[PDB]
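*Asks:* Structure, please.
(2 chains, ligands or ions: 6)
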Protein chains: 2
Amino acid sequence: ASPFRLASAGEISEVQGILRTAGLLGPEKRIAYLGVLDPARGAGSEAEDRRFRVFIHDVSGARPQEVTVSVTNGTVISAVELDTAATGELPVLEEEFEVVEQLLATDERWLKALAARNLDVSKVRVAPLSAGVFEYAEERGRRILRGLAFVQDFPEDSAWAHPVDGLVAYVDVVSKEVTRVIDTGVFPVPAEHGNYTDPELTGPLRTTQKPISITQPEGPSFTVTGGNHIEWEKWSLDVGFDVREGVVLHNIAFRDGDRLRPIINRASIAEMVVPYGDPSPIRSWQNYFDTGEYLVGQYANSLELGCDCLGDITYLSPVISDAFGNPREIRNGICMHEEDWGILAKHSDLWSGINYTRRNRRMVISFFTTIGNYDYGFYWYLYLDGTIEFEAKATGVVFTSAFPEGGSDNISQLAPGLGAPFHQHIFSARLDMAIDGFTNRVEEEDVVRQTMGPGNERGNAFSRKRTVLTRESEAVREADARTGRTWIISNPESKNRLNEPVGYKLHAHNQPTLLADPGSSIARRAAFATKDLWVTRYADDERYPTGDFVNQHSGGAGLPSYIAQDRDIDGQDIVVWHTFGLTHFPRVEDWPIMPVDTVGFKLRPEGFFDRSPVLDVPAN
Amino acid sequence: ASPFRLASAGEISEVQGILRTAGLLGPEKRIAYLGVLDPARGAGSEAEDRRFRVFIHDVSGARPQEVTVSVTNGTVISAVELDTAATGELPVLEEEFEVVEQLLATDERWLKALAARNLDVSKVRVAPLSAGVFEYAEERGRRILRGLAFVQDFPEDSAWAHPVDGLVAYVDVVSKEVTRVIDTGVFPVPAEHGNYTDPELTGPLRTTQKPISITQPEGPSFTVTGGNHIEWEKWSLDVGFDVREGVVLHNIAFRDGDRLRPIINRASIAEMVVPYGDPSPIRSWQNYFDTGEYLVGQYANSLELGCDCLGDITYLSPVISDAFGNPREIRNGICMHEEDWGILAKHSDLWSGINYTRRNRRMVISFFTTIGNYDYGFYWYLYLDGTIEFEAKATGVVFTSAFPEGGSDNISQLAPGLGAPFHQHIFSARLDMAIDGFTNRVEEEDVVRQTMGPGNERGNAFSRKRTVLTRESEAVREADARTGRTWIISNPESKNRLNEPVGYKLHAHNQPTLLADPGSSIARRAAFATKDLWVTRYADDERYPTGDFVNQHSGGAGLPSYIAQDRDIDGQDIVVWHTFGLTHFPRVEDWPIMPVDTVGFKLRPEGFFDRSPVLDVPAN
Ligand SMILES: [Cu+2]
Ligand SMILES: [Cu+2]
Ligand code: NA
Ligand code: NA
Ligand code: NA
Ligand code: NA
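*Replies:* Numbers count the residues shown, from 1 in each chain, chains lettered A, B, ... in the order given. Ligands and ions are numbered 1, 2, ... in the order given. See the structure here:
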């Protein structure tokens, strides 16, 4: 009954049938994206209309289409032909990945390059990577993937240990032509294997780890209704899933006495870019937009009980569409559970004699995705005290290269002859704010140091200052860790009992933003990543910080074009976009499989409640 | 048998007997500090000598003494009379705290101030606070405490809800004289109570939280031998306890194959300062040195199973001395346990078909202390992958004042008429480094941005740079979050298999440092807090960043005087001192009892191992 319910297999089958009957899903067509559309602002008329957005690719070279379908009414609402040289190419299809290796295996230039290196083509795996936009005029309007080669000595070998440096190819995956093969010179293929399940590498496994048993004898404290509606310790929300963004949180609200108070209307990771910092022409084009180009939701893992998620786990199994419009279930793709989180509050008072301790807990909503060599975990946390936190977990196998004789300023050495180029992993969180409703504003808060003098005779005073961001043109902000800079999202029309506007404070990790030269292709295509915080006025069609069609888009789409509208954001329906990321100089300890590293952000209440919201927590 | 074993009750009784027979512990004497001394550098001759350092106060006004005793030989090694006007006063005695309220209760000025406010003196609690050094010439060489007043309406009332603003007194606790009573004007005493166990404030307690059961059916994976020696998942260390510093970690080492490899010789929180930023003369002197002035170890809590520490807990019960030299056990004062810590490493490989997941865990060593209104948790974490992390947890009741009519730039409003002055909580971690032995060096690592141009034609390259700190005069460093600044501690004489020096990288949280004017008293006394990182050459007597005698010391002691020696630290026996802290602008949600907030730091291996050190972890 809820408009925010997950897409059903039956809905996806109906979409397929509607598209086919409209003549839009012939044998040459492929679905590159399918997702449910959120309700438009002000759907309080109960007139639900379940609408889906579809990107349709054509493998014969005809123009792709963007289509909107109403499952409710069984009709095609609109269908638009796309000029991809102008607005960007569609996301990469899973079936295009295998095309690259197969096409190169019969190309005379590729075979000559492998022959010079004494490599058997049957052992050469090709990583098919997105192309970006660079100097090659012949690529405009064509679907291009670039391929880098790795040797697999046997079927269970980790090919990442054996990069074939000095060699790259470009492939037109629609016309099935190899456009360029570039060979800059022969590097030795690193010979040491990286097989982290090989007993010769692991040694005897430890026998010292005794079991930790986490159980909930009476079941979990949260309830799931309507398939995806969560209620837990005064929190209320809906867990959505989209093939591009992955897990999306809707309608985050907190039950404060008799009132259900909204906090965030929609929360998601709306883009994530992995730019590489190696200037070698073999890799200097290398930038993954995992969300926008590959779609992280479609590569979600099935999570195993006891290994991936430990404790009393409740799973969601979202349904997506395959390239032909058939429903596909991602079994156990989302884990949900609560976790003990240490001490919540504690005080032993000498004067009253009262000793007081309470324990904290958090609700966890997570999924894991695998894109080639990398694996990313996305974790959303809700805490008893009103804190909301996001954490990304990065693991998997680092992307490798040869390590040059004589060293490198842009590549780490991991093993003899084996290098790992420097790179970043940068995320964009899109937070459609709704602090006590939709009239919100953002203030930038800095610590203020004060000079010793009159009114501050002992030189101990310090203060803070808040600056309201009033228009989009002034709402592109940078971090300043030294001044303790944070941002407060408040509702100027909703006051706490002290007559102050209710608010939430965003705490960033203050990690470096995009390092590339501002004149680079990646700086133009990932402009969101060059600043820590953006605020825009809500609009239905402003969904992603990089635009709708990221693959091979020439740049400027998304946030820089949105904020040019210079709209009023002072007490309006606003969206906060926060950039955060990891800068990775690989270490020896990251090889041959990398231990998890993390980055994230959190939001804490700031005068949202009239007092601590956890006074009614019982004494365990 | 280990020289690093905890002090025994029998050792403390022997110290008392040695002091008494030497004529050093008559009825007028009080022990203000007693602690075991660490072995001097190069104790590999097995010639153990258990020595204790003692500070002896005299309640009759005679000069205090610093005494060193050998329990092994039953002798007084040295006894020195202290000139406290020169070198500082001894730490505050617990018995001096009650003296303040009792003395004020019979002072005519204090009684007149309370009478004007219609307060019954029997209901007025006085917080006895350290004095610092300001403009009052009569305080030089005297033991002074300053008192701030709070109303307790009934014996179980939280007095913190009822500050009596506009009033402060200074007390000489040796001569038992009230030196000054300052009354700047009558403020209304805030009337709302802050009793967080009162059903009228909490409402009905939640019935929604279902139990989380954490158990270890086969016991924990760590072993404890010799009372305080820990072995856990290749880690080895000794857990010490000192009445000033609290938990101290000794001899942190990692078993890498056949080699026990040292990492940190001694790790502790060597000072912690809480400076207040309210320029009112009632509070502008207010600065707590919890470690140096009060001694955080002697106020350690007894931790309750299931409430404070959850899971399979192993306790240590350290022994300290009371003011008369009798041993006192802090029952269950240290909790030790292991915790599941999520995913350690994960990869699903398309080419090899291998799916791999391993789980992480951490060892936790913690204690909790209560100083007046504040409660602090100190947590040390060891992770499977070689990471060492410290985390401080701040909770308790915020220090309060009146909230002025017309507002304040330096005080938050928490309730009608009730304010909470701005302040910081700043810690100093002393890390006596021993990366693969004692020849260590520190490098500062910054990210380096590169310009688009020749050799970087696509403008994607970025790099990093490392600067060796060679002398103490250049080893006072500031954070720079924007350039991703970290510090690497390496051993230039110990190489990994790639012929690179082994190292560990310190990751700071990059929070603001001391905000006070650099010309203030607190900036001179807490100079360590004005910079993020200090490196010194190890010396036996350079123990604390603030010097040995912090109470009422005029300033400059500790780190600024140490580094003036400008000693060589390039491949030497070195000590890293890291400043980190929280800047607290109190929020409504912090009242009437504050949910935990955290700050800390971590160290991760950086080419210390030859590959990932967790390949031999089993598959659960
Ligand atoms: Cu990485
Ligand atoms: Cu505080
Ligand atoms: Na274009
Ligand atoms: Na909004
Ligand atoms: Na002095
Ligand atoms: Na050292």
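
*Asks:* For the residue of the stretch 301-450 of chain A found nearest ligand 6, give me its contacts.
*Replies:* As assessed by C-beta to the ion, ligand 6 sits closest to residue A:412 within the stretch 301-450 of chain A, at 27.2 Å. C-beta coordinates here come from the backbone N, C-alpha and C atoms, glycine included. By C-beta atoms under 8 Å, 6 or more residues apart in numbering or on different chains, residue A:412 lies in contact with A:419-422, A:585-587.

*Asks:* Ok, residue A:490 next?
*Replies:* Taking C-beta under 8 Å, 6+ apart, we find residue A:490 in contact with A:435, A:440-443, A:501-504, A:606.

*Asks:* ok, now with 6 Å
*Replies:* Contact analysis of residue A:490 by C-beta atoms under 6 Å, 6 or more residues apart in numbering or on different chains lists A:441, A:501, A:503.

*Asks:* Let me know the closest of the residues you listed to ligand 4.
*Replies:* The shortest approach to ligand 4 among the contacts of residue A:490 belongs to residue A:441, at 10.8 Å (C-beta to the ion).

*Asks:* Only alpha carbons, please: show the helix ranked longest in chain A as PDB.
*Replies:* Assignment by DSSP state H gives helix A:9-21 as the longest helix of chain A. This file holds the C-alpha atoms of helix A:9-21, laid out as PDB (Å, rounded to 0.1, in the frame of the first residue of the first chain):
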ATOM      1  CA  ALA A   9       8.900  -9.000  -9.700                       C
ATOM      2  CA  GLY A  10       5.300  -8.600 -10.900                       C
ATOM      3  CA  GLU A  11       5.800  -4.800 -11.500                       C
ATOM      4  CA  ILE A  12       9.000  -5.500 -13.500                       C
ATOM      5  CA  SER A  13       7.200  -8.200 -15.600                       C
ATOM      6  CA  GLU A  14       4.400  -5.700 -16.300                       C
ATOM      7  CA  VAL A  15       7.000  -3.000 -17.400                       C
ATOM      8  CA  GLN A  16       8.500  -5.600 -19.800                       C
ATOM      9  CA  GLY A  17       5.100  -6.400 -21.200                       C
ATOM     10  CA  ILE A  18       4.200  -2.800 -21.600                       C
ATOM     11  CA  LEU A  19       7.500  -2.000 -23.400                       C
ATOM     12  CA  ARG A  20       7.200  -5.000 -25.700                       C
ATOM     13  CA  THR A  21       3.600  -4.300 -26.700                       C
END
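
*Asks:* Could you find the closest non-adjacent residue to the residue of the stretch 151-300 of chain A found nearest ligand 6?
*Replies:* Proximity of the stretch 151-300 of chain A to ligand 6 (C-beta to the ion) peaks at residue A:208, 29.4 Å away. Closest residue in space to residue A:208, ignoring its immediate chain neighbours: residue B:221 at 5.7 Å, by C-beta to C-beta, 6 or more residues apart in numbering or on different chains.

*Asks:* again with residue A:410
*Replies:* Counting by C-beta to C-beta, 6+ apart, residue A:410 lies nearest to residue A:278, which is 4.7 Å off, once chain neighbours are set aside.

*Asks:* neighbours of residue A:460, just the number please.
*Replies:* Here the count is done by other C-beta atoms under 10 Å in any protein chain shown, and residue A:460 has 28 residues near it.

*Asks:* any idea how far the residue of the stretch 1-150 of chain A found nearest ligand 4 is from residue A:540?
*Replies:* Distance from ligand 4 to each residue of the stretch 1-150 of chain A (C-beta to the ion) is smallest for residue A:41, at 9.2 Å. Using C-beta to C-beta, to the nearest Å, residue A:41 is found at 8 Å from residue A:540.

*Asks:* just residue A:568 next, same as before
*Replies:* Distance of residue A:568 to residue A:540, given as C-beta to C-beta: 18 Å.

*Asks:* Likewise for residue A:34?
*Replies:* With distances taken as C-beta to C-beta, residue A:34 is found 18 Å from residue A:540.

*Asks:* what does residue A:511 give?
*Replies:* Distance of residue A:511 to residue A:540, computed by C-beta to C-beta: 32 Å.

*Asks:* So for the two, which residue has more residues nearby?
*Replies:* Each of residue A:511 and residue A:540 has its neighbours counted (other C-beta under 10 Å); residue A:511 has more, 20 against 9.

*Asks:* need the contact list for the more buried one.
*Replies:* Listed by C-beta under 6 Å, 6+ apart, the contact partners of residue A:511 are residue A:581.

*Asks:* That one falls within a helix, correct?
*Replies:* No. Applying DSSP: H, G, I helix; E, B strand; the rest coil, one finds residue A:511 to be coil, outside a helix.

*Asks:* Look at the residue of the stretch 151-300 of chain A closest to ligand 6 and give its secondary structure.
*Replies:* With three-state DSSP as the basis, residue A:208 sits in coil.

*Asks:* and the closest residue to residue A:233 other than its chain neighbours, how many neighbours?
*Replies:* Nearest non-adjacent residue to residue A:233, counting by C-beta to C-beta, 6+ apart: residue A:384, 5.7 Å away. As a burial measure, residue A:384 scores 25 neighbours (other C-beta under 10 Å).

*Asks:* where's residue A:384 relative to ligand 4, distance?
*Replies:* In this view, residue A:384 and ligand 4 are 25 Å apart by C-beta to the ion, to the nearest Å.

*Asks:* Does that residue touch residue A:614 like I think?
*Replies:* Yes. Residue A:384 lies in contact with residue A:614 (C-beta atoms under 6 Å); the separation is 5.2 Å.

*Asks:* Show me what the residue nearest to the spatial centre of chain A is bridged to.
*Replies:* Nearest to the centroid of the C-alpha atoms of chain A, with distances taken as C-alpha atoms, centre = their mean, sits residue A:269, at 4.2 Å. Legend: beta-bridge partners of residue A:269 under DSSP bridges are residue A:429.

*Asks:* how about the residue nearest to residue A:410, what does it touch?
*Replies:* Contacts of residue A:278 (C-beta under 6 Å, 6+ apart): A:410-411, A:421.

*Asks:* quick one on the thing from earlier: if I pick the residue nearest to residue A:233, what's in contact with it?
*Replies:* By C-beta under 6 Å, 6+ apart, residue A:384 lies in contact with A:233, A:360, A:614.

*Asks:* From these, which land in strands?
*Replies:* residue A:360 (DSSP state E).

*Asks:* mind checking how far the residue sitting furthest away from the middle of chain A is from chain B?
*Replies:* Relative to the centre of chain A, the most outlying C-alpha is that of residue A:454, 51.0 Å out, by C-alpha atoms, centre = their mean. Per C-beta to the nearest C-beta, to the nearest Å, residue A:454 is found 10 Å from chain B.

*Asks:* Can you give me the domain assignment for chain A?
*Replies:* Following curated CATH domains, chain A resolves into domains at A:1-87, A:94-195, A:196-619.
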